[PDB]
Amino acid sequence: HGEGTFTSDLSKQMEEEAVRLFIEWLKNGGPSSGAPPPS
């Protein structure tokens, strides 16, 4: 998900934020952490 603070291309930014969150999720151990990945 994103911030929900954008009026232009919000859903596009949300996708970009989702990628960032997934990367950070991996940086937090990813699947080895036991925590489900972000959506």
# chains A, B, ... in the order shown; residues from 1 in each chain; ligands from 1
$ residues_around --residues "residue A:18" --least-positions-apart "3" --cutoff "7 Å" --atoms "only C-alpha atoms" --output "list in words"
residues 1, 2, 14, 15, 21, 22 and 39 of chain A
$ select_by_dssp --residues "chain A" --states "alpha helix (DSSP H)" --output "list in words"
residues 10, 11, 12, 13, 14, 15, 16, 17, 18, 19, 20, 21, 22, 23, 24, 25, 26 and 27 of chain A
$ write_last_selection --atoms "N, CA and C atoms" --output "compact mmCIF listing (two decimals), in the first residue's frame"
# COMPACT_ATOMS: atom_id res chain seq x y z
N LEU A 10 -2.22 8.33 -7.57
CA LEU A 10 -2.15 7.76 -6.23
C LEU A 10 -1.88 6.27 -6.28
N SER A 11 -2.70 5.54 -7.04
CA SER A 11 -2.60 4.09 -7.10
C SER A 11 -1.26 3.65 -7.66
N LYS A 12 -0.69 4.46 -8.54
CA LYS A 12 0.63 4.20 -9.09
C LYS A 12 1.71 4.35 -8.03
N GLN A 13 1.59 5.40 -7.21
CA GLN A 13 2.51 5.62 -6.11
C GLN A 13 2.38 4.52 -5.05
N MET A 14 1.15 4.08 -4.82
CA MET A 14 0.88 3.00 -3.88
C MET A 14 1.61 1.72 -4.28
N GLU A 15 1.62 1.44 -5.58
CA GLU A 15 2.35 0.30 -6.12
C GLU A 15 3.85 0.46 -5.88
N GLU A 16 4.35 1.67 -6.09
CA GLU A 16 5.76 1.96 -5.88
C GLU A 16 6.14 1.83 -4.41
N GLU A 17 5.23 2.24 -3.53
CA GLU A 17 5.43 2.12 -2.09
C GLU A 17 5.38 0.66 -1.65
N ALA A 18 4.51 -0.11 -2.29
CA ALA A 18 4.42 -1.54 -2.02
C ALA A 18 5.73 -2.25 -2.33
N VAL A 19 6.37 -1.85 -3.43
CA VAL A 19 7.67 -2.38 -3.79
C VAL A 19 8.71 -2.06 -2.72
N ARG A 20 8.73 -0.81 -2.28
CA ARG A 20 9.63 -0.39 -1.21
C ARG A 20 9.41 -1.20 0.05
N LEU A 21 8.14 -1.37 0.43
CA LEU A 21 7.79 -2.13 1.62
C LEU A 21 8.26 -3.58 1.51
N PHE A 22 8.10 -4.16 0.33
CA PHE A 22 8.53 -5.53 0.08
C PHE A 22 10.05 -5.66 0.19
N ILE A 23 10.76 -4.68 -0.35
CA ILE A 23 12.22 -4.64 -0.24
C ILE A 23 12.66 -4.56 1.21
N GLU A 24 12.02 -3.67 1.97
CA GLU A 24 12.30 -3.53 3.39
C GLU A 24 11.94 -4.80 4.15
N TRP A 25 10.84 -5.43 3.75
CA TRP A 25 10.45 -6.72 4.31
C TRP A 25 11.55 -7.76 4.13
N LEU A 26 12.14 -7.79 2.95
CA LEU A 26 13.28 -8.66 2.68
C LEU A 26 14.48 -8.27 3.53
N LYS A 27 14.69 -6.97 3.70
CA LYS A 27 15.79 -6.47 4.51
C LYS A 27 15.58 -6.80 5.99
